[PDB]
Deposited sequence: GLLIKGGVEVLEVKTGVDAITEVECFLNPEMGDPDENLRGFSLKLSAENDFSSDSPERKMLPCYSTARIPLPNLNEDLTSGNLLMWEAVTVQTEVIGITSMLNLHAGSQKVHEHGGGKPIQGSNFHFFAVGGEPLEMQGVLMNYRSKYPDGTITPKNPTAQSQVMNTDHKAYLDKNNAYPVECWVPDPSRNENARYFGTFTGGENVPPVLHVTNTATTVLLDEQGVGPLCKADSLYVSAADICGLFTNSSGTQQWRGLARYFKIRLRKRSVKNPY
C-alpha cells in the first residue's frame, strides 16, 4: 500500500527458509500428517464433518531483519518417497500383493506474500455444519456454492481454514504470489518433483515482488497428497510438509 521507488544495492539481500508442516487433521498423537478417516454419503441437510477429518491451510509469519521485497522462492514437498512404504497399514492390492499406494484427489498449493494470504470461500454444500475450531464462510447461502463475495478471509491462523472451504482470492492478493493445482479423482496418481535447481520469480509485470509489511514475510501451503486406504477400506488424507527458501532485497518506498 506504498509508492515503490528504487531497489537498494550494495547487506541489501537476505535469505529466509522455513519447513511448513501440513495440517491434515492429526486425529491422534501417532497420526500426525493424516486426517481422521473419511465419512461418506452424509445428506447435504445433515453434513457435520469432524474437525480432525478436515485438512486446513498451513501458514507461517517469518520475521525479517528490522521494505524487504521477496524476489524468488525455491519450494518443494518434503518426504515424497515415504509413499514407497507399502508394508505399513495399507490395504493389500490383491491376495499376496503389496499395500495400496496413496492416490486420489490431491491439492498442492503455496503462496509467498508481504501480508497474510487473502482467501475467498466456496462450498460444495452451503448447509455443511462445520465443527468448532474451524473458520468457514459465515452466513452461507446457496450462492456460497458458486461465488458469494461476502466470504473473504485472511489466512491468519494455522489448522483453522479448511482447504475444502477456501481458495486464494484472485480479486485480492496484490502483495502476494500464489500457485496451486487441484487434481481430483479416486485413482489419480500423486506426481511430485524435487530439485534444488528450480526457482520461481516473485516479481510482477513492473519488476516488484511482495513487499513485507511490518518486516514480516508470510508463507502459506496446502499439500494434500491423496488418500491412504487402510486394510479395512477406510480412507484418510495424507499430507507432507513444504520447504521454502525465499530471497529478499531492500526496496526504497
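* To do: Counting from 1 along the deposited sequence, give me every gap where there's no C-alpha, start to finish.
  => According to the deposited record, C-alpha coordinates are absent for 1 to 6, 17, 74 to 84, 272 to 275, which together make up the missing parts.
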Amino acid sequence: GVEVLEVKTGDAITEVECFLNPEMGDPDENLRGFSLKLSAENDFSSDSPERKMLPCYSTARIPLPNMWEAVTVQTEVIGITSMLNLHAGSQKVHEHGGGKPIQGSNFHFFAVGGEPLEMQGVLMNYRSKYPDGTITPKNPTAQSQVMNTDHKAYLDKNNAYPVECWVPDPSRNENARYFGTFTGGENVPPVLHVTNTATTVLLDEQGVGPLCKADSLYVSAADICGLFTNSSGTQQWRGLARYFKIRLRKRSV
From here on, numbers count along this sequence of modelled residues.
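* Asked: Comparing 67 to 75 with 86 to 94, which stretch shows the greater average C-alpha B-factor in the deposited entry?
  -> Higher mean C-alpha B-factor: 67 to 75.
* 43 to 51 or 214 to 222, whichever carries the higher mean Cα B-factor -> Per the deposited B-factors, the answer is 214 to 222.
* **Residue with highest C-alpha B-factor in the PDB entry, from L36, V191, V188, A60** => Among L36, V191, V188, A60, the highest C-alpha B-factor in the entry belongs to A60.
* Position of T195 among the chain's modelled residues by C-alpha B-factor, lowest, middle or highest third -> Within its chain, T195 is a lowest-third residue by C-alpha B-factor, going by the deposited values.
* **Third of the chain's Cα B-factor distribution that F244 belongs to, per the entry** => Middle third.
* **Ranked C-alpha temperature factor of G180 among modelled chain residues, by third** => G180: CA B-factor falls in the middle third of its chain.
* To do: Check where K100 lands among this chain's C-alpha B-factors and tell me if it's the lowest, middle or highest third.
  => As the PDB entry reports it, the C-alpha B-factor of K100 lands in the lowest third of its chain.
* **Chain-wide C-alpha B factor ranking for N148, given as lowest, middle or highest third** => Middle third.
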